[PDB]
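S.K.: Structure below; questions to follow.
Each answer follows from the model by the rule given with it, or from the source it names; none is laboratory data. Cβ placement follows ideal geometry from the backbone for every residue including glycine, while neighbour counts extend to all protein chains displayed.
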Amino acid sequence: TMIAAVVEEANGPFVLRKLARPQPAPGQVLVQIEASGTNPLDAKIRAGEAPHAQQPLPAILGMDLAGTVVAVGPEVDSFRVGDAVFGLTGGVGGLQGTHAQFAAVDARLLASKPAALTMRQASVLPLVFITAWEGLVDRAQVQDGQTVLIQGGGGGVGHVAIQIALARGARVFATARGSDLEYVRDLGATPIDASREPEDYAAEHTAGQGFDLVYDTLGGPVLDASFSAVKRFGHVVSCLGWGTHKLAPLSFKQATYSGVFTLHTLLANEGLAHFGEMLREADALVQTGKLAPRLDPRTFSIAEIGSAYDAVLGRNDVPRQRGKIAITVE
Amino acid sequence: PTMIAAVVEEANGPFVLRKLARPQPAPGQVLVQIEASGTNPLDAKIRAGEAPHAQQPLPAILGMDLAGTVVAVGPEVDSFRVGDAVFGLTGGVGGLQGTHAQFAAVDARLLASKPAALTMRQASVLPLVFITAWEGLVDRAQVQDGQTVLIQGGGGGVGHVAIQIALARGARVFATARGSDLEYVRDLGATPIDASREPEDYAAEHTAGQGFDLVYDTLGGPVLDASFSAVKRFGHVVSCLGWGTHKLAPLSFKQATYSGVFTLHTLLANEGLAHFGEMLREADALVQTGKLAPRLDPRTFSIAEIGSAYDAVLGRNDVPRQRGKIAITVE
Ligand SMILES: [Ca+2]
Ligand SMILES: [Ca+2]
């Protein structure tokens, strides 16, 4: 058996329960979770308002993890007992979440934890790094020298998208709110107050031409703002492009737009190997000091998960997360 | 709009003055124009990157105590109006912006009107130590009128305020201190005890050898062991620095009790926030009746001399150690 937090019904509390401990099937390893990375989507799932996540209740939530391999299933040779690992492993599509002491994970989803990171630090980068990578690299194939605008540079996907873009040689700019402008500047990017109009910051920073690549990490009206900021023949990508939008800007500018939906891999069981690969890329960036997760200093035990999400969403009067929130399971 | 703030960029790095975005008050918060920033030894431990319990990684703006004026109020706030002078323990830990800044957006619950009789400097050094002293003496020990109370380190930060709280609540107060502070402790109205004397000796002279009903250790380490030695049978010992390993035998022999004090939890976990402003209201009530006066080192330091301010707090680089607490004048 093991201890895990279960959300029994919509909007219900994170109930600590003693449950049967998962056993690794062939191709899987058993991970003793030390840190669980939170994400806003978990809150939507908890509230039963995340149809795209296909994670009906009751269920153990949490998508990212960082821990140690304690058992290896048959047909596995990529990891050994004692190895520190991390990755985006479940919490969606019926997959057991990471708000647990243990999880049986397909080895392809894991990568060794970067030696330079604590478990907390490593636990918050899987989903957002993969989300940023899929958009910047897989879809937009960002090139050295291109001008890149990250909408919401202080956010989960934003701060990692900025660092990936910089590492790949792009000239990076990022819109952020007051409290995050200094953070973005320190990363090496050019900060832009998010209250400004695209026509204005594009004028100041791109001679009014627009940006080669715009990564919308906020969605809604921000995606429209992104269409406005993109250069002719440019590319716009979004990881929250679920709404309806006027497309005229893309035609007038003979531009391109791509959608990003990282969850597909776990929901449909396809391209699992690509996850471990992307995480390996992240590790390389950490080793060379070009990637550092933004981790809120606050700690939360497996018994304080509710408070963890209050922080993630800045609800019930707790300051909003400044960087991401990690739960210390062990 | 922007503001000037001192930022510690890396472990042991200098206090770097920077022009940064001025904070904006969210619902439930008020924007405080900081006039005085109160220092504390912990800030230096955080600066050196050796304060894990503080959860304040760098780069960051340090400083936990403040005293200033409300210049803007966020939505849903009715406890304070623009222009109100306030003071409180507001940040410097758990990722919260420190007070070495011209402004700070603070949850109204953490604030209390500044005592009218105190200058901004005086009020700025009161929050943390008062709250620390109060949680031990009242919340944990519930000091009662007539009880004998021994404050270990009466001239120190928590010590001098603990003495005054205990006296105000009717207790017979005694305090151990080093030479230079013995006179100060006597002045407060407590019976001074040279810190070099043994517990069995001062307990004999002042409690007929019975010991004290309540002992507050503000120094920790060996001083906590000495506290276990000075406590009366069935007595209570509290400490705000009880992190080490100690022999507990004395507590069984004396069928006594011990309680720990850790004020930071409130700010690190965001629970019991309202209790902070409430305790500071208690402090204001004591100042008002002339029963509480913070010990403030006469030396002054501008936002540009923070490094020197802490040299004083720690008595580093030849500078004389603080005699009372050190306050930074921001505005
Ligand atoms: Ca996030
Ligand atoms: Ca002090």
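S.K.: Take region B:83-100 and flag every residue that is hydrophobic (A, V, I, L, M, F, W, C) and outside any loop (DSSP other than H, G, I, E, B).
M.R.: B:85, B:86, B:87, B:89
S.K.: If you don't mind, another one. Among the strands (runs of 3 or more DSSP E) lying completely within region A:1-57, list those that include at least 2 residues that are in contact with a helix residue (DSSP H, G or I) (Cβ under 7 Å, 6 or more places away or on another chain).
M.R.: Per the criteria, A:2-7, A:28-37.
S.K.: Here is a follow-up. Taking interchain pairs and intrachain pairs at least six residues apart, which have beta carbon atoms under 7 angstrom, with the first residue in region B:150-164 and more than 16 Å from ligand 1 (Cβ to nearest atom) and the second aromatic (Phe, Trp, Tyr) and part of a helix (DSSP H, G or I)?
M.R.: B:155/B:184; B:161/B:130
S.K.: To continue, here is another question. Inspect all residues belonging to region B:117-129 and state whether any of them is within 24 Å of residue B:45 (Cβ to Cβ) and either without any contact (Cβ under 8 Å) to a residue 60 or more places away in the chain or among the aromatic types (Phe, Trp, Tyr) (or both).
M.R.: No, region B:117-129 contains no residue that is within 24 Å of residue B:45 (Cβ to Cβ) and either without any contact (Cβ under 8 Å) to a residue 60 or more places away in the chain or among the aromatic types (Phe, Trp, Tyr) (or both).
S.K.: Being more than 9 Å from every other protein chain (Cβ to nearest Cβ) and assigned to a helix (DSSP H, G or I) is the filter here, so list the residues in region A:299-318 that pass it.
M.R.: A:305, A:306, A:308, A:309, A:312, A:313
S.K.: Got a sec? Which helices (runs of 4 or more DSSP H) wholly within region B:173-263 have at least 1 residues that are within 20 Å of the chain's Cα centre (by Cα) and either at negative phi or in contact (Cβ under 8 Å) with a residue 12 or more places away in the chain (or both)?
M.R.: Helices (runs of 4 or more DSSP H) meeting the threshold: B:179-188, B:222-230.
S.K.: Any residue at all in region A:224-243 that is in contact with a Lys or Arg (Cβ under 6 Å, 6 or more places away or on another chain) and either over 21 Å from residue A:257 (Cβ atoms) or within 16 Å of ligand 2 (Cβ to nearest atom) (or both)?
M.R.: Within region A:224-243, none of the residues are in contact with a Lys or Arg (Cβ under 6 Å, 6 or more places away or on another chain) and either over 21 Å from residue A:257 (Cβ atoms) or within 16 Å of ligand 2 (Cβ to nearest atom) (or both).
S.K.: So, one more: Need the failing condition index for residue A:271 against (1) exposed (fewer than 15 other Cβ atoms within 10 Å of the Cβ); (2) closer than 25 Å to residue A:134 by Cβ; (3) within 14 Å of chain B (Cβ to nearest Cβ), just the number.
M.R.: Of everything listed in (1) exposed (fewer than 15 other Cβ atoms within 10 Å of the Cβ); (2) closer than 25 Å to residue A:134 by Cβ; (3) within 14 Å of chain B (Cβ to nearest Cβ), residue A:271 misses just condition (3).
S.K.: How many of the residues in region A:278-291 are part of a loop (DSSP other than H, G, I, E, B) and either within 8 Å of another protein chain (Cβ to nearest Cβ) or within 21 Å of residue A:262 (Cα to Cα) (or both)?
M.R.: 1
S.K.: Taking region B:34-65, which residues are more than 10 Å from chain A (Cβ to nearest Cβ) and over 21 Å from the mean Cα position of the chain (by Cα)?
M.R.: Scanning region B:34-65 gives a single hit, B:58.
S.K.: Looking only at residues in region A:28-49 that are surrounded by fewer than 18 Cβ atoms within 10 Å (Cβ to Cβ) and either under 18 Å from residue A:218 (Cβ atoms) or in the same structural domain as residue A:131 (by CATH) (or both), which one is farthest from ligand 2 (Cβ to nearest atom)?
M.R.: Taking the candidates together, the pick is A:44.
S.K.: Provide a single number: the residues in region A:70-100 that are surrounded by fewer than 23 Cβ atoms within 10 Å (Cβ to Cβ) and polar (S, T, N, Q).
M.R.: 2
S.K.: What residue, among those in region B:95-128 that are among the small types (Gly, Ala, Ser) and more than 17 Å from the chain's Cα centre (by Cα), is nearest to the other protein chains (Cβ to nearest Cβ)?
M.R.: Selected residue: B:95.
S.K.: Provide a single number: the residues in region B:8-20 that are under 26 Å from residue B:114 (Cβ atoms) and within 9 Å of another protein chain (Cβ to nearest Cβ).
M.R.: Going through region B:8-20 one residue at a time, the tally reaches 1.
S.K.: Follow-up question, since we're still on this one. Answer yes or no as to whether residue A:137 is out of contact with any strand residue (DSSP E or B) (no Cβ under 9 Å at 6 or more places or on another chain) and either within 21 Å of residue A:286 (Cα to Cα) or of a type in the set (A, V, I, L, M) (or both).
M.R.: Yes: the conditions hold for residue A:137.
S.K.: Are there any pairs with C-beta distances below 8 angstrom linking a residue in region A:303-328 that is of a type in the set (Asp, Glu) to a residue that is away from ligand 1 (no atom under 12 Å from the Cβ), with the two at least 6 apart or on different chains, and if so which?
M.R.: Taking only residues 6 or more apart or on different chains, the pairs are A:304/A:327; A:304/B:269; A:310/A:316; A:310/A:318; A:317/B:28; A:317/B:107; A:317/B:270.
S.K.: Would you mention how many residues in region B:189-245 are under 20 Å from residue B:255 (Cα atoms) and of a type in the set (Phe, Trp, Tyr)?
M.R.: Number of matching residues: 4.
S.K.: Test each condition in (1) within 14 Å of chain B (Cβ to nearest Cβ); (2) more than 25 Å from residue A:106 (Cα to Cα) for residue A:328 and report the one that comes out false.
M.R.: Here residue A:328 clears every test but (2).
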